[PDB]
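**Q** From the sequence below, what's the structure:
(chains A and B)
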Amino acid sequence: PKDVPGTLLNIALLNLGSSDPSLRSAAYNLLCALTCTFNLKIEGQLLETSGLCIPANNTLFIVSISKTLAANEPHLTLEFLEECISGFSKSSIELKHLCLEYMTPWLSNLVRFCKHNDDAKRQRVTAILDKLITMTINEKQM
Amino acid sequence: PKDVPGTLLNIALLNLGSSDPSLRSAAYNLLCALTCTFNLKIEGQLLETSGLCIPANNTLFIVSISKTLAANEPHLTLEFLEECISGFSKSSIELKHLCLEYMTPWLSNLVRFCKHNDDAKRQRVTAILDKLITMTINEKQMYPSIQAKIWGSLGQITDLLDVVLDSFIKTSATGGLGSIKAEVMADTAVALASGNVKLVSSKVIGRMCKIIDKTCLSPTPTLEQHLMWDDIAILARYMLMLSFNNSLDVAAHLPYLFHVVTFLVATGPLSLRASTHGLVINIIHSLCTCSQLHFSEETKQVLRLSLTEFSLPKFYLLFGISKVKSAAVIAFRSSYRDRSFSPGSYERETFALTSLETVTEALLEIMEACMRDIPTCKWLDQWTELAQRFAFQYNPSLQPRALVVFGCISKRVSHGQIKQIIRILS
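**A** Numbers count the residues shown, from 1 in each chain, chains lettered A, B, ... in the order given. Have a look at this structure:
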């Protein structure tokens, strides 16, 4: 589990915007564990709880967390985007609109990895770019 | 033609993103005539021509023109928006996404017309806001984007909250308690309250305290039978949604939030009683994770233990939602945007004033723990004043509950007060 902090972070954010009230609460608890275990620096404070009522409208709250971790936690970028794009194709139309909202703040971090001494990381950004090209071709309504 | 520059401009921009190359060229030329006739100040230069080849991908070009005219041509705002929304409903899905892109910059200009000397212009901005509410209800696939674009920005405009909030309540009132229009407007305010947490909360609480205070004019045997029950039921769903993530600003409103809870514990349909339990859980959770307050490490342990007690089966009984596995499931419904829930099981349990003591004495402990680390706190004095005002006034639906609370949180009593209590018994 300590080798994939970026993979679990996408599962937490994606399911915070769900339409099932129980599914939101468990997603909030998962996000609290990471911020403690991995010492991730977020803006506010979080506390695990049972019985929370989390509103269905959660777009702006999710983006604030995503927009903050991206600014001051760049080393999750490659794991996050590879998983964020993968979850894009497995979700419904309404959730497809959400992933675009909190995905964009991370695209700006690909600069740090574009010329990373050809350490096979440069070979991965080219893989990420290929995924974005596939989405553009298929989704004609958005 | 000189009386409707705003209406012609929307036809130009909307058709500039068509999928037909011939239609795109006609749109470019029409946009050039407007800029010449009306001397509109755009960034670049334009020139009419025949035979231009215009790419189908044109979003960023269209938005730049709209984003500029909005900044330095405000006098088109009321004509443009009225026509932009109207053509929004006549277009296909793909074009609908474009209308949101270049519509957003024009919303900031409504400040200049909100208080325009009641010249019937104030009557139009309220008309426009009604149209936006109608769009939000119908288009459910674009919902995550409308919140972050339309309602997200309007929250940050301080001068416009009062009018925007006012229209929200009226729309919900017509629908009714379980209506769709009321459920959306309750869930939509969360986006609105993000920009100004303090101003939106004080207004929603301000209105809830006054409606209860106005039940004294026409007393009724119970609160539900009153004529203002609907106005108090929908406004409770607004507070439920704003409680999460400390959007009610507990740091300055705690005395009143406890005050409303006591008058609402265990009253109404099972879906409303599950909301009052959830509201308390969210308020306590907000105290623990609030930064404006500096609680000692000892006190935080007191709150965290209380946060667990309220979820025990003992307290599900006090709030009247026994036989319920989880309150969160009952409070919310997945199909709120689709249909309107039909209330059932009109049979409702009776409430005993001995249960109101146990709840009213668990909350008092919570408040006192917080007052130790807050110098010169006035939470308890403010709460006591509200209790007095309702204890010694005739209202068959509220007076019994105010008396039970008044003797529980009061720290002093004089002969005169003890005289009035006996007189009430007489």
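**Q** residues near the closest residue to chain B within chain A, how many?
**A** Proximity to chain B, evaluated over chain A using C-beta to the nearest C-beta, is greatest for residue A:53 at 3.7 Å. Yep, even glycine has a C-beta here, placed from its N, CA and C like the rest. When neighbours are defined as other C-beta atoms under 10 Å in any protein chain shown, residue A:53 has 23 of them.
**Q** quick one: the helices in chain A?
**A** Listed in chain order, the helices of chain A (DSSP state H) span A:5-16, A:21-37, A:59-71, A:77-89, A:93-107, A:111-114, A:122-138.
**Q** Make CSV out of these and add mean neighbour count.
**A** Below are the helices of chain A laid out as CSV (neighbours: other C-beta atoms under 10 Å in any protein chain shown):
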stretch, mean neighbour count
helix A:5-16, 20
helix A:21-37, 17
helix A:59-71, 19
helix A:77-89, 18
helix A:93-107, 18
helix A:111-114, 13
helix A:122-138, 12
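**Q** so which of these gets nearest residue A:45?
**A** Taking C-beta to C-beta, helix A:21-37 is the member of the helices of chain A nearest to residue A:45, at 9.0 Å.
**Q** which residues touch that closest one?
**A** A:5, A:8-9, A:11-13, A:15-16, A:18, A:40, A:42, A:46-54, A:56, A:58, A:65, B:326, B:328-329, B:331-332, B:334 (C-beta atoms under 8 Å, 6 or more residues apart in numbering or on different chains).
**Q** now do 6 Å
**A** Residues outside helix A:21-37 that contact it (C-beta atoms under 6 Å, 6 or more residues apart in numbering or on different chains): A:12, A:15-16, A:18, A:40, A:42, A:46, A:48, A:52, A:54, B:328-329, B:332.
**Q** can you name the two of the residues you listed that are farthest apart?
**A** A:40 and B:329 (30.1 Å).
**Q** Which residues are in contact with residue A:87?
**A** Residue A:87 neighbours (C-beta under 6 Å, 6+ apart): residue A:14.
**Q** Which positions in chain A make contact with chain B?
**A** Counting by C-beta under 6 Å from any C-beta of the partner chain, the residues of chain A lying close to chain B are A:19, A:21, A:45, A:47, A:49-51, A:53-57, A:59-60, A:93-94, A:97-98, A:101, A:141.
**Q** can you do 7 Å?
**A** A:19-22, A:25, A:44-47, A:49-57, A:59-61, A:93-94, A:97-98, A:101, A:140-142 (C-beta under 7 Å from any C-beta of the partner chain).
**Q** Output stretch A:16-36 as PDB, nothing but the C-alphas.
**A** Extracted in PDB, the C-alpha atoms of stretch A:16-36 (Å, rounded to 0.1, in the frame of the first residue of the first chain):
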ATOM      1  CA  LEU A  16     -16.900  11.400  -3.100                       C
ATOM      2  CA  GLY A  17     -19.000  12.600  -6.000                       C
ATOM      3  CA  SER A  18     -21.200   9.500  -6.100                       C
ATOM      4  CA  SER A  19     -25.000   9.400  -5.800                       C
ATOM      5  CA  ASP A  20     -25.200   6.800  -3.000                       C
ATOM      6  CA  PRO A  21     -25.200   8.400   0.500                       C
ATOM      7  CA  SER A  22     -23.500   5.500   2.200                       C
ATOM      8  CA  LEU A  23     -20.800   5.400  -0.500                       C
ATOM      9  CA  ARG A  24     -19.800   9.000   0.100                       C
ATOM     10  CA  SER A  25     -19.300   8.500   3.900                       C
ATOM     11  CA  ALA A  26     -16.900   5.600   3.400                       C
ATOM     12  CA  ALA A  27     -15.000   7.600   0.700                       C
ATOM     13  CA  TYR A  28     -14.600  10.400   3.200                       C
ATOM     14  CA  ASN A  29     -13.100   8.100   5.700                       C
ATOM     15  CA  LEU A  30     -10.600   6.700   3.200                       C
ATOM     16  CA  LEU A  31      -9.300  10.200   2.400                       C
ATOM     17  CA  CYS A  32      -8.700  10.800   6.100                       C
ATOM     18  CA  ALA A  33      -6.500   7.800   6.400                       C
ATOM     19  CA  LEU A  34      -4.100   8.900   3.600                       C
ATOM     20  CA  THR A  35      -3.700  12.400   5.000                       C
ATOM     21  CA  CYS A  36      -2.500  10.900   8.300                       C
END
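**Q** Give me the distance between it and the centre of its chain.
**A** From the chain centre to the centre of stretch A:16-36 is a distance of 13 Å (C-alpha atoms, centre = their mean, to the nearest Å).
**Q** And stretch A:42-54, by the same measure?
**A** With C-alpha atoms, centre = their mean, you get 18 Å for stretch A:42-54.
**Q** Report the buried residues of that stretch.
**A** Under the neighbour-count criterion of 16 or more other C-beta atoms under 10 Å in any protein chain shown, stretch A:42-54 has A:46, A:47, A:49, A:51, A:52, A:53, A:54 buried.
**Q** what's the neighbour count on residue A:58?
**A** Residues near residue A:58, counting by other C-beta under 10 Å: 24.
**Q** do residue A:2 as well
**A** So residue A:2, with other C-beta under 10 Å, has 6 neighbours.
**Q** What does the residue of chain A closest to chain B show for phi and psi?
**A** Dihedral angles of residue A:53 (phi, psi; degrees, to the nearest 10) stand at phi -110, psi 110.
**Q** That one: what's it in contact with?
**A** B:240, B:244, B:278, B:281, B:282, B:328, B:331 (C-beta atoms under 7 Å, 6 or more residues apart in numbering or on different chains).
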